[PDB]
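J.:
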Amino acid sequence: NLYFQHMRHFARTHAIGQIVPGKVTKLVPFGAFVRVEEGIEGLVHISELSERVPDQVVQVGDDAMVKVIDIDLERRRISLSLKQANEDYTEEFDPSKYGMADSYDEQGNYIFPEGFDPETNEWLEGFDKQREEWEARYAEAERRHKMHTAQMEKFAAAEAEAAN
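Structure representation (C-alpha cells):
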C-alpha cells in the first residue's frame, strides 16, 4: 500500500497552519471526520469544532475550512481544527494562510515570482508557464478565503437565529 507516501505528499504540500478546504464525511461521538484530499481524511476533535454532539455544528456533506494543526506520519493521522481556522479569519485576504506561504519570507515580506519585474509591474519574457501557475495558485487561495468567509457568515447567521 501507499498510504504513508500519499500522506507524506500531502504534508509537503500543506504545511502546519494552512487553512484548507474539506468535506465533512462522518460524525463520530468524539469528533467530525473531514476529507481534505482524495484518500486523505482528518479528524476534527469535538473540542475544536467551534469557538463554542458534533451534529450541533456541522453536518455530513458540508464544505468546511479547517486549519491543519498536526500531521503525524508515524500513525498516519491528521489533526484539523475548525475553531482554530475561525480564530485566524480576517475579512482582509492574506494569501499565505491559504496555500501561498511560499510567496512570503521568514519576516513576512512578499517574494515576487522570479520572472516578474516589480518596478515594471510586468512579467519578463519567457515565463508564461510560471505565470499561469502563479495565477492558478492565487485563484485557488482566493477561492479558499471565500469559502472561509461563507463559513464565518454561516456560523454568525446561525447564532443570530439561535440567539433570537
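Counted the way my numbering counts, the sequence shown spans residues 5 to 168.
Here a beta-carbon is modelled for each residue, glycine too, at the ideal position from N, C-alpha and C.
1) Using a 10 Å radius around the Cβ and a threshold of 16 neighbouring Cβ atoms, would you call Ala145 buried or exposed?
2) Can you give me the C-alpha to C-alpha distance between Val61 and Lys101, rounded to a whole angstrom?
3) Find out if the Cβ-Cβ distance for the pair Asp109, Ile23 is shorter than 9 Å.
4) Are the segment 134-144 and the segment 49-64 touching, with three or more C-beta to C-beta distances below 8 Å?
5) Which two residues bound the contiguous alpha helix (DSSP H) that contains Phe8?
6) Mapping DSSP to helix, strand and coil, what is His18?
7) I'd like to know if the segment 120-137 and the segment 56-76 are in contact, where contact means that at least 3 CB-CB pairs between them fall below 8 Å.
8) What is the C-beta distance between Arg80 and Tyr7, in whole angstroms, given that I count them as a contact (C-beta under 8 Å)?
9) To which residues of the same chain is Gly65 closer than 8 Å at the C-beta, ignoring the five residues directly before and after it?
T.: Straight from the coordinates:
1) That one is buried.
2) Their backbone Cα atoms lie some 23 Å apart in a straight line.
3) The answer is no: Cβ separation not under 9 Å.
4) Not touching, per the Cβ criterion.
5) Its alpha helix (DSSP H) spans residues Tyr7 to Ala15.
6) In the three-state DSSP reduction, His18 falls in the coil class, being neither helix nor strand.
7) Touching, no, given that fewer than three Cβ pairs across the two stretches are closer than 8 Å.
8) Contact holds; Cβ gap of about 6 Å.
9) For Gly65, the CB contacts under 8 Å within the same chain, skipping 5 residues up- and downstream, are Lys27 and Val28 in chain order.
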